[PDB]
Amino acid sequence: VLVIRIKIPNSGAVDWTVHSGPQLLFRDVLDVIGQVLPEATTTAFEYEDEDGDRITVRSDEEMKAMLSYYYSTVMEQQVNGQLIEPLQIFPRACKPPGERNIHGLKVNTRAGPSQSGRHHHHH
């Protein structure tokens, strides 16, 4: 069994307890992430190495290197009988609009599949 801990800003943490398994897929994380973070879209998440350096996972592949490191980290811990830390991941904050530095659009009256049109409305 593996526990992933999701750090969520100004809230707390979510602990995801995996199956097992196999196999953990990058999507399985993204899907859990978006499920605990419903008001956002998250394409990516980081995690820390021994140095405390964030390393980003954008896909499978890099998923495999996270699992490799964390499994090493797990081995060493209760060999020394230490308390086993969950794998902690930091979802990469993605911009909402956000992107739109400015402006709006009217939707009350459309009509209207025009060409030079469109002849209709209402309100």
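One rule holds for the numbers: they count along the sequence shown, beginning at 1.
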**Complete:** Higher of the two mean Cα B-factors (95 to 103, 12 to 20; per PDB record) comes from 12 to 20
**Request:** Report the stretch with the higher mean CA temperature factor, choosing between 54 to 62 and 85 to 93 on the basis of the entry.
**Result:** 54 to 62
**Request:** Using the B-factor values recorded in the entry, state whether the Cα atom of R5 falls in the lowest, middle or highest third among the modelled residues of its chain.
**Result:** lowest
**Message:** Is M75 in the lowest, middle or highest third of its chain when residues are ranked by C-alpha B-factor?
**Reply:** highest
